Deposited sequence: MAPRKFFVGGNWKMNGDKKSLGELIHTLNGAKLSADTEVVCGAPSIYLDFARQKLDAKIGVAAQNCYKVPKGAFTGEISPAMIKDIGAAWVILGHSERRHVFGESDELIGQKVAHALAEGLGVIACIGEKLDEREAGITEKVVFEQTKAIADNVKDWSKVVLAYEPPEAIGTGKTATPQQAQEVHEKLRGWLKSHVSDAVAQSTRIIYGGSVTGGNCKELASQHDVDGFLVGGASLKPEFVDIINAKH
């Protein structure tokens, strides 16, 4: 009945076999809470390596994918390829994809639909721009982004929503509560109660316990700290 705590580590564009090997060694040897679902998001070039080296209890995510299984899309990878390597998740709609690479809500929706149809789990990311937060339209913006994802989700069992603010723990709770309210009204009470909504702002060993104590925060999508030993402490934030 309770939502299982979920901690994803987004390595972003970082690592080589040496540094990631050391990272993976530390995670494999660490005492990790049985009550946390852990997923590591590796650069595409290291997905195979990461899946081979990581203990099976730790999931592997791709950091992006495209919206069809194959084709004339030089530089892209598909859910079929991600599954072929043994990864079970993909991060979609990350703030950096939206803002540096201009990925639209429409495209992200198409990717979500395809990844889910192909049997992957999706960490679906949403978050408003700084100017939008300053203008007081956080809710309007994140609801639009969430609707664009939701319209492409037939089954929420393998979806985790990640909120990335452009930020206080109280401010985090406020957005998470509003997002869960959106799910309740626009999808169902069952989906609202069961869907993990994870926090994708700045998460460190210093602030993770306070964030994890918030009623509507179900875990984290961790950035820089996911490359460091303190990722273990973040996984164990509730203990």
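- Item | Gaps in the model, given as deposited-sequence positions counted from residue 1 | Going by the record, the segments left unmodelled (no C-alpha atoms) fall at 1, 168-175.
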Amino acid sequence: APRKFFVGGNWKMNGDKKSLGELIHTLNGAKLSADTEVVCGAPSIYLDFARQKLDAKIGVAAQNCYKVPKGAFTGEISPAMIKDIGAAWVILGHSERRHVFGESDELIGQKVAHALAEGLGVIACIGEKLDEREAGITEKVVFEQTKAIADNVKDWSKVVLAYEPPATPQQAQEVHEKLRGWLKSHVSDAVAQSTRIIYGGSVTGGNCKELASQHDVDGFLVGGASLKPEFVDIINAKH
From here on, numbers count along this sequence of modelled residues.
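- Query: Which has the higher mean CA temperature factor in the PDB entry, 6-14 or 213-221?
  - Reply: Comparing 213-221 with 6-14, the higher mean C-alpha B-factor belongs to 213-221.
- Between 28-36 and 60-68 (mean CA B-factor, as deposited), the higher: Taking the mean C-alpha B-factor of 28-36 and of 60-68, the larger value falls to 28-36.
- Going by the CA temperature factor in the entry, name the top one among 168, 145, 78, 74. Comparing C-alpha B-factors across 168, 145, 78, 74, the top value belongs to 168.
- So among 114, 94, 129, 83, who wins on Cα B-factor in the entry? Spelled out: the listed residue with the top C-alpha B-factor is 129.
- Message: Ranking every modelled residue in this chain by its Cα temperature factor as given in the entry, which third contains residue 41?
- Response: Tercile = lowest for this residue's CA B-factor.
- Divide the modelled residues of the chain into thirds by Cα B-factor and specify which third, lowest, middle or highest, holds residue 135. Residue 135: CA B-factor falls in the highest third of its chain.
- Chain-relative CA temperature factor third for residue 202: Residue 202: CA B-factor falls in the highest third of its chain.
- Task: Using the B-factors in the PDB entry, rank residue 89's C-alpha atom against the chain and give the third, lowest, middle or highest.
- Result: It belongs to the lowest third of the chain when residues are ordered by C-alpha B-factor.
- Can you work out whether the C-alpha temperature factor of residue 183 puts it in the lowest, middle or highest third of the chain? Its C-alpha B-factor belongs to the middle third of this chain's values.
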